[PDB]
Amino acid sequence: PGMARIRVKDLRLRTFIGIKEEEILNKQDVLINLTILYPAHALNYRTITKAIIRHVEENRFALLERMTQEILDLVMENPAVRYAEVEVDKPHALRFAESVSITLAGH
């Protein structure tokens, strides 16, 4: 800490999130933020992103938590290093609030 940190800021993707008739019939915007630690050539982050986009847009999700976890797993699938954190914002998910997000991390 700190050392080698790569950040993917505000990756905006559209997919199905929710179970409600409208949520299942229409795609919505969700915002992904990725923090990857890998101390200390590198075609990496591009592939990780590619995979996360592909997985997110080509699927249906019932719960931000499942989506976040799936992404997190995708992030540790290829490298073994070192620490990964994923926050997923569902913009305007609550009345009167700008967003609601779920963050998950791993070693």
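Note that residue numbering follows the sequence shown and begins at 1.
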Per the entry, how many residues of the deposited chain go unmodelled between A40 and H41: none, 1 to 3, 4 to 9, or 10 or more? 10 or more
Averaging the C-alpha temperature factors as deposited, the higher value of 49-57 versus 76-84 falls on 76-84
Among all modelled residues of this chain, ranked by Cα B factor, put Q69 in the bottom, middle or top third, i.e. lowest, middle or highest. middle
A4: CA B-factor among chain residues, third -> highest
